[PDB]
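A short reminder: the numbers here are calculations on the coordinates, not readings from a lab. A quick note on method: Cβ atoms are made from the backbone with ideal geometry, for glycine too, and the neighbour counts reach across all protein chains shown.
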Amino acid sequence: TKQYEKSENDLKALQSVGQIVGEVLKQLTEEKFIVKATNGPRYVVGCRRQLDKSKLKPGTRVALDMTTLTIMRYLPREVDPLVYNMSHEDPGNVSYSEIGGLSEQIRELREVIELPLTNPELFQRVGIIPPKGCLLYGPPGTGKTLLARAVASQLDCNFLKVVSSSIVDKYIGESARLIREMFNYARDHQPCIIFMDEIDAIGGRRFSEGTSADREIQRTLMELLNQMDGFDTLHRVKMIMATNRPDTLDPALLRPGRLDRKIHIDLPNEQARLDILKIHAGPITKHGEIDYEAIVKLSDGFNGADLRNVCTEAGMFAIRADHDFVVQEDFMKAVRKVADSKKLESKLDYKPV
Amino acid sequence: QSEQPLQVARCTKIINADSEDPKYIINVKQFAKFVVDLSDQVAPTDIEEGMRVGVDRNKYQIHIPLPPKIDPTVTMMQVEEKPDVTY
Amino acid sequence: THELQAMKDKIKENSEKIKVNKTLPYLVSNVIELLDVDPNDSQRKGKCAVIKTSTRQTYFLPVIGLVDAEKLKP
Amino acid sequence: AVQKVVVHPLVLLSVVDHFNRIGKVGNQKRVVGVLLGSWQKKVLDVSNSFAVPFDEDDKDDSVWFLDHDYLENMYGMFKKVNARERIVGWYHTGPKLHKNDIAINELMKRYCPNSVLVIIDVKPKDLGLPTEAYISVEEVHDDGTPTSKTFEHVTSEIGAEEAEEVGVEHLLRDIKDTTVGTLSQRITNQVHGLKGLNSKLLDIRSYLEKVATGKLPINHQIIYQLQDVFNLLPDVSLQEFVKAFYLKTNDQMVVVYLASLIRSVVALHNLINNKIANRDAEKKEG
Ligand SMILES: Nc1ncnc2c1ncn2[C@@H]1O[C@H](COP(=O)(O)OP(=O)(O)OP(=O)(O)O)[C@@H](O)[C@H]1O
């Protein structure tokens, strides 16, 4: 029962008041150390006898006391968006080769990513600069989020994710230090891979500057433009971006450097649609008599999200008939009808609104 | 003689959730959240979610709920003042 | 084996001091996961964490005490 | 284990003010209390403590009583005000310990793994830095005795702390501080020879005393082993400095040159600026 006495004595040590944290700036002398608290005041204070030479550091966060503001222990500094960035997930592996097309985009994205990791020798011996970035835009077909994130999730602890909602951040919020942090940790984990999706809102041009909120978009831009075209070495880390249209990217992003390789997604083709139907027919049960050319021919110019989810819509029409294994006749009904209904809903392609 | 009391009334704060019957939580202008009991002068049924109430900064228990607040600066003008244009 | 009750009284009085720690916070904090051990310079071992505030300040206090670091993600 | 300890003047007076307690009411023995230590590192530090009623019979020289009811509850009183503060051992004012102290330390080893007793001095006399520190270990012995518990001397040094120099350093007020650079180093030179050569003469007289009687101590061997470390140079007549002679004045080389060179410029600052400023005010006044 002495564990209670042990537990309460540990809570007696909890009577010790907590301290405050700050960032070291410089040092005037041994008895005065410039430290900037997270609030922004800067103090020059002494120190106690329990610390070492590793406490000083070149501008690293420290914990200031609440009385004399002296430093107790030092800890590594992070603003910690990254743990939130690593909270993503995705199956595959397999989903790499499941899309089926285009075969040239399947093989190339495997090279520019994996080859610099395993074989740097080809770059240094031939004397060529490997691509440090890439651009995958849409939606002329699917595979943007599927193929890129598959290698991401398979690369495990080495990856960086960016959602377009985190750039605006909060009122009078600072995303300029996020752009510098995103590329700072990109230079830590190697090779790092960064995904930026739906940049049309956060890629704001400075031609027409609305209200007070367009400039803070330009600030996040110029922070991206500086480090991607640096002057700061990104050669080992790979970057990826995504957008609906490259209208607002400006000559800065449309240029090479910051955006290196722009690979346009291609819609599924009758030859390639035969492969994507094989992977769709796996999870769904079918009748013993099935023809893959029937579904491929009846559905043309449809994205992979259209084909899959309508093939599940065919299963929802199949459960309307309660049959477990269903012939493709009931499928071709639900596949053609529901898909042709989707075509009269959204205008594009080809006509803009 | 009434100097000390009624001073503690600050500040105005909106409650959010209740962990138990005696204890609630209130968001206060200091930007934190106020986990509070209530004085014997006010029944627990008078404190409901999304209500502005008072406090006693000494004992920290709730003092009295204050419902009223009227408009921002923009809509207080939008309120009608006097009749005009009679038919 | 009768020392239990006298020892059980101090855990409630210390909890009574937690009951005055119950009433009442003016501060709400954000949590940051941290693991820190400093060799000196006989040995002091343990774990510490980083603590934010609603007033924009960021404080420094050892790992709580009460609820441990097993839960949860910050 | 425990290498060195740090004793503050605050806890020391806590032994001294209790000497005014048992001093006016009597009678025998001395001041004995339980020591509250603070361990932040291998070096030991002591801040506060509490004095406990204690008595030791003469006859009956081995009889001693600590009060554990005063030791238990008051610890919780101090544990509540100071969590890091805990009892590191006991203490007493000596001046000379008795063999019964083996029982006082072994009884309190249930509270702390190793109890360090501190012998203090209420009236400073001789020969030097006061009080004392002892640690309890077992060295057995070379002669074949049963396992022997003998307190080994621990180097003790006084130390200061913030906010505790308010009243302490104010009340004295009579000391001249420091003053480094003139009288500070030259006073110790008269002291380092005094205190250095008296313990010399005191120990060499005891070394001669070991021949007559008092053998053992044999010692062994620390007496002559550490003496021969002093014997790297004796130094004996005369100084054997034939190799260190031309080097001697060579150490006085820079010292005399910096003296004469700077003093000539200091004179140029003292003489010139004085005659200028003096001729200014003198002849222009009348
Ligand atoms: N060929 C496919 N096979 C399996 N699932 C797919 C396929 N295409 C799309 N999906 C599903 O659709 C979701 C979105 O994929 P992706 O980003 O590649 O297309 P998209 O950009 O959403 O297309 P659109 O913009 O036309 O909706 C994914 O979660 C995926 O599960």
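Key figures for this structure:
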{"read-out": "Exercise: per-residue mean of other protein chain Cβ atoms within 10 Å, D:34-40", "value": "1"}
{"read-out": "Rough spin-label spacing in nm, given labels placed 7 Å along Cα→Cβ, for residue D:125 and residue B:58", "value": "6.1"}
{"read-out": "Residue order, fewest to most beta carbons within 10 Å, for A:280, A:287", "value": "A:287, A:280"}
{"read-out": "27 Å Cα-Cα threshold exceeded, pairs from D:176/D:275; A:12/C:52; D:29/D:210", "value": "D:176/D:275; D:29/D:210"}
{"read-out": "Burial ordering of A:306, A:90, fewest other beta-carbon atoms within 10 Å first", "value": "A:90, A:306"}
{"read-out": "Residue A:4 versus residue D:247: modelled label distance in nm, points set 7 Å from Cα along the beta carbon direction", "value": "7.2"}
{"read-out": "Point-to-point label distance, residue A:50-residue A:322, nm (Cα→Cβ direction, 7 Å offset)", "value": "7.5"}
{"read-out": "Selected from A:221, A:69, A:115 as most flexible by GNM, with chain A as the system and alpha-carbon contacts under 10 Å", "value": "A:69"}
{"read-out": "Value of [θ]222 nm, deg cm²/dmol, for the protein assembly as shown, DSSP H segments ≥ 4, -39500 (n - 2.57) each, nearest 500", "value": "-11500 deg cm²/dmol"}
{"read-out": "FRET efficiency, residue A:65 to residue A:128 (Cβ-Cβ, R0 41 Å, nearest 0.05)", "value": "0.15"}
{"read-out": "Rounded, prolate or oblate (a/c below 1.5 giving rounded, otherwise prolate when a/b exceeds b/c) for chain C by Cα gyration tensor", "value": "oblate"}
{"read-out": "Linear extension gain, residue A:43 paired with residue A:345, 0.36 nm per residue minus alpha-carbon span", "value": "102.4 nm"}
{"read-out": "Mean Cβ count within 10 Å, highest first, over the residues of peptides A:60-67, C:50-57, D:53-60, D:232-239", "value": "A:60-67, C:50-57, D:53-60, D:232-239"}
{"read-out": "Normalised contact order of the range D:8-119, rounded percent, pairs of Cα under 8 Å and 6 or more residues apart", "value": "26"}
{"read-out": "Share, in percent, of DSSP beta bridges within chain A that are antiparallel, nearest 5", "value": "50"}
{"read-out": "Whole-Hz ³J(HN,Hα) from phi, Karplus 6.51 cos²θ - 1.76 cosθ + 1.60, for the range A:340-353, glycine and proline x", "value": "5, 5, 5, 6, 8, 8, 7, 6, 5, 8, 8, 7, x, 5"}
{"read-out": "Listed peptides A:34-44, A:210-220 by packing density, highest first (mean Cβ within 10 Å)", "value": "A:34-44, A:210-220"}
{"read-out": "The range A:1-124, relative contact order in percent, only Cα pairs under 8 angstrom and at least six apart counted", "value": "16"}
{"read-out": "FRET efficiency estimate (nearest 0.05) - Cβ-Cβ, residue B:21 to residue D:171, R0 51 angstrom", "value": "0.30"}
{"read-out": "Cβ neighbours within 10 Å from other chains - mean over A:65-74", "value": "2"}
{"read-out": "Sum of side-chain charges, residue B:23 neighbourhood, beta-carbon under 10 Å (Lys, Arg +1; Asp, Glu -1)", "value": "-3"}
{"read-out": "Hz values of 3J(HN,Hα) by residue in the range A:328-336 - Karplus curve (6.51, -1.76, 1.60), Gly and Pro given as x", "value": "5, 5, 5, 5, 4, 4, 5, 5, 6"}
{"read-out": "Sites residue A:77 and residue A:208 - FRET efficiency at Förster radius 41 Å, r taken between beta-carbons, to 0.05", "value": "0.60"}
{"read-out": "Linear extension gain, residue A:293 paired with residue A:222, 0.36 nm per residue minus alpha-carbon span", "value": "20.5 nm"}
{"read-out": "3J(HN,Hα) from dihedral phi, the range C:61-73, Karplus parametrisation 6.51/-1.76/1.60, rounded to Hz, x for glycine, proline", "value": "8, x, 4, 5, x, 8, 4, 6, 7, 4, 9, 9, 3"}
{"read-out": "Qualifying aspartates and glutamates (Cα of each under 16 Å from Cα of residue D:125; at least 8 residues distant if same chain)", "value": "none"}
{"read-out": "Alpha-carbon centroid distance for the pair the range B:69-85 / the range D:51-72, whole angstrom", "value": "86"}
{"read-out": "Exposure proxy ranking, count of Cβ atoms within 10 Å, fewest first, for A:52, D:101", "value": "A:52, D:101"}
{"read-out": "Average other protein chain Cβ within 10 Å of Cβ, residues A:12-19", "value": "6"}
{"read-out": "Flagged links, alpha-carbon separation over 27 Å, of A:2/C:12; A:2/C:71; A:55/C:47; A:144/A:351; C:17/D:41", "value": "C:17/D:41"}
{"read-out": "Relative contact order %, chain A, counting alpha carbon pairs below 8 Å whose residues are six or more apart", "value": "15"}
{"read-out": "Set of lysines with alpha-carbon distance to residue A:278 below 16 Å, sequence-local pairs under 8 removed", "value": "A:286, A:297"}
{"read-out": "Partners for residue A:343 among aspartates and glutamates (Cα-Cα distance below 13 Å; same-chain residues under 8 apart left out)", "value": "A:300, A:306"}
{"read-out": "Mean Cβ count within 10 Å, highest first, over the residues of peptides A:152-160, D:115-123", "value": "D:115-123, A:152-160"}
